Participant: 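I have a structure here, written as structure tokens, and I will follow up with some questions on it.
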Amino acid sequence: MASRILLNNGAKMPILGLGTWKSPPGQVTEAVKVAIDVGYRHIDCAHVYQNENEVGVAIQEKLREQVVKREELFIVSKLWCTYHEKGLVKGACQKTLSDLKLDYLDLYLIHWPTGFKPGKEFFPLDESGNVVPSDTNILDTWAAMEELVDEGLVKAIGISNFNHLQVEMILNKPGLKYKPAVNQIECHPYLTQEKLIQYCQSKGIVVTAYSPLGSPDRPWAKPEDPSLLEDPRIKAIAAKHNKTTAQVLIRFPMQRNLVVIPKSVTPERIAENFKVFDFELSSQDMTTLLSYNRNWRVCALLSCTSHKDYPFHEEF
Ligand SMILES: NC(=O)c1ccc[n+]([C@@H]2O[C@H](COP(=O)([O-])OP(=O)(O)OC[C@H]3O[C@@H](n4cnc5c(N)ncnc54)[C@H](OP(=O)(O)O)[C@@H]3O)[C@@H](O)[C@H]2O)c1
Ligand SMILES: N#Cc1ccc(CNC(=O)c2ccc(Cl)cc2OCC(=O)O)cc1[N+](=O)[O-]
């Protein structure tokens with residue numbers, strides 16, 4: 001299948017990208033170097049991941065080695081929750097650019113629809129464990145995102161973890177200048193997102209599936225939580241194709257016309273994860289994987305469930 005998907009700005013976005021959350025600064029430079037060598041062009045980043053410097057080191061080295069040119073790369077980052085104020089947006093984007101050593105991003109996302117109290121702390125909590133919000137709203141933050149495109153800092157803007165009503169809010173904004181190009185959402189066999197995907201795709205919004213392997217390294221995991229990579233039913237599908245479970249889990253969203261961004265810092269896995277253009281999941285496989293849905297979110301926090309813009313009260 002084609003390796004890129006057309007965005008609403010006429011640019012093409014590689015459907016397979018490298019995730020970088022939890023890729024430690026001490027190990028991510030090599031991860032990104034290897035990724036580039038074996039063919040990844042899309043890298044998913046974020047200021048909150050606190051490793052954009054080191055990702056930037058890897059990109060700079062591969063540009064200088066003449067392994068890739070800037071135009072071939074598709075670099076994504078995200079505006080963190082503590083920078084939703086219209087006056088903070090450009091500075092946040094420029095810090096990301098400075099750290100990545102880039103002069104533009106291919107795509108910049110609102111990381112979560114929620115604004116958090118501005119300050120040094122990424123996750124300000126109050127004495128009883130609830131996040132401290134900011135008095136910002138989706139539409140004003142979007143307007144600030146639009147300014148970034150008009151200033152040439154970013155080629156496309158989008159959103160992440162927005163429910164369909166929050167997407168609709170942007171789409172219905174009087175004087176909207178740019179539609180969101182992408183909604184990046186959690187998506188895998190345990191959370192198949194049929195309704196939000198159908199909604200987004202019907203609105204001309206490209207969907208990126210995050211945590212496609214089930215984010216086994218997430219810091220709030222419980223030992224009794226369901227584990228995708230270890231699911232015997234998926235291992236069986238993989239063995240049938242002489243592929244790994246991870247390869248099946250990456251190919252799955254690709255065949256749903258989604259972009260997918262598996263994370264690894266392990267060079268062997270980074271290479272393995274990219275080798276998913278040489279097989280196809282059958283109808284039956286696709287159906288079987290979809291049937292494993294349990295509306296189970298690996299990326300959601302109790303501490304945010306009182307925020308006025310918490311996205312997961314809605315069905316989708
Ligand atoms: N927008 C958002 O709110 C949001 C939320 C979550 C994630 N994301 C993005 O999506 C990316 C991917 O999601 P994720 O990081 O949550 O988790 P994921 O990609 O579902 O899983 C990554 C985990 O799987 C392991 N792994 C990778 N390849 C493997 C393989 N072939 N075999 C066995 N294990 C393998 C990794 O180990 P090693 O790295 O140790 O090899 C790591 O522990 C993130 O890094 C981030 O870029 C965005
Ligand atoms: N609102 C909200 C909200 C915010 C965050 C989360 C979960 N994410 C994190 O706790 C997180 C924290 C630090 C880092 Cl570096 C990465 C993280 O996740 C990966 C990512 O967000 O990309 C959940 C919610 N929420 O409303 O459910």
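Only this structure's heavy atoms are used, side chains among them; waters, hydrogens and symmetry mates stay out. Numbers here are sequence positions counted from 1. Counting convention: from 1, in listed order, for ligands and their atoms alike.
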Participant: So does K22 pair up with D217, basic N to acidic O under 4.0 Å?
Facilitator: yes
Participant: Is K78 salt-bridged to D44, cutoff N-O under 4.0 Å?
Facilitator: yes
Participant: So, regarding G19 and ligand 1 (criterion: nitrogen or oxygen to nitrogen or oxygen, under 3.5 Å), is there a contact or not?
Facilitator: no
Participant: Which ligand 1 atoms are under 4.0 Å away from a heavy-atom of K22?
Facilitator: 14 (P), 15 (O)
Participant: Check each of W21, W112, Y49 against atom 5 (C) of ligand 2 and report the one with the nearest heavy atom.
Facilitator: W112
Participant: Show the atoms of ligand 1 that are less than 4.0 angstrom away from any heavy atom in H111.
Facilitator: 1 (N), 2 (C), 3 (O)
Participant: Number the atoms of ligand 1 from 1 as they appear, then name those within less than 4.0 Å of a heavy atom of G214, with their elements.
Facilitator: 20 (O)
Participant: Could you check whether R218 pairs with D225 (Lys NZ or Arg NE/NH1/NH2 to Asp/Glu carboxylate O, under 4.0 Å)?
Facilitator: yes
Participant: Does any N or O atom in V265 lie less than 3.5 angstrom from one in ligand 1, N or O only?
Facilitator: yes
Participant: Can you name the atoms of ligand 1, numbered from 1 with element, that are less than 4.0 Å from a heavy atom of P212?
Facilitator: 19 (O), 20 (O)
Participant: Regarding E30 and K33, does a basic nitrogen lie under 4.0 Å from an acidic carboxylate oxygen?
Facilitator: yes
Participant: Test of understanding: given a 4.0 Å heavy-atom threshold, classify the contact between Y210 and ligand 2 as side chain, backbone, both, or neither.
Facilitator: neither
Participant: Give the numbers and elements of all ligand 1 atoms closer than 4.0 Å to a heavy atom of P216.
Facilitator: 21 (O), 23 (C), 24 (O)
Participant: Is the shortest N/O to N/O distance between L229 and ligand 1 below 3.5 Å?
Facilitator: no
Participant: With heavy atoms of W112 as the reference, note each atom of ligand 1 found under 4.0 Å away.
Facilitator: 3 (O)
Participant: Which bit of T114 gets closer than 4.0 Å to ligand 2, counting heavy atoms only: side chain, backbone, both or neither?
Facilitator: side chain
Participant: Assess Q50 for proximity to ligand 2: is some non-hydrogen atom of it under 4.0 Å away?
Facilitator: no
Participant: Under a 4.5 Å cut-off applied to non-hydrogen side-chain atoms, are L228 and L213 in contact?
Facilitator: no
Participant: Out of curiosity, is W220 lining ligand 2, as in a heavy atom under 4.0 Å away?
Facilitator: yes
Participant: Taking the basic N atoms (NZ, or NE/NH1/NH2) and the acidic carboxylate oxygens, is any pair closer than 4.0 Å for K62 and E65?
Facilitator: yes
Participant: Salt-bridged, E168 to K203, with N to O below 4.0 Å?
Facilitator: no
Participant: Determine, considering heavy atoms only, which of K263, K78, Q247 sits nearest to atom 19 (O) of ligand 1.
Facilitator: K263
Participant: With atom 3 (O) of ligand 1 as the reference point, say which of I185, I43, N161 has the nearest heavy atom.
Facilitator: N161
Participant: Answer side chain, backbone, both or neither: which part of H111 comes under 4.0 Å from ligand 2, heavy atoms only.
Facilitator: side chain
Participant: Quick check: are there more than 12 heavy atoms from other residues, nucleotides or ligands sitting under 6.0 Å from NZ of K173?
Facilitator: yes
Participant: Inspect the contact between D135 and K308 and indicate whether a charged nitrogen and a carboxylate oxygen are less than 4.0 angstrom apart.
Facilitator: no
Participant: With ring centroids as reference points, do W80 and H111 lie under 6.0 angstrom apart?
Facilitator: yes
Participant: Decide whether an N or O pair under 3.5 Å exists between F123 and ligand 2.
Facilitator: no
Participant: Going by the rule side-chain hydrogen bond (donor to acceptor under 3.5 Å, both in side chains), which residues pair with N183 if we only count those two or more places apart in sequence or in a different chain?
Facilitator: none
Participant: Can you pull out the closest protein heavy atom to atom 2 (C) of ligand 2? Residue, atom name and distance to 0.1 Å, please.
Facilitator: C304 SG, 3.4 Å
Participant: Relative to ligand 2, is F122 under 4.0 angstrom through side chain, backbone, both or neither, heavy atoms considered?
Facilitator: neither
Participant: Please say whether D44 places an N or O atom under 3.5 Å from an N or O atom belonging to ligand 1.
Facilitator: yes
Participant: Any ion pair linking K90 and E151 (charged N to carboxylate O, less than 4.0 Å)?
Facilitator: yes
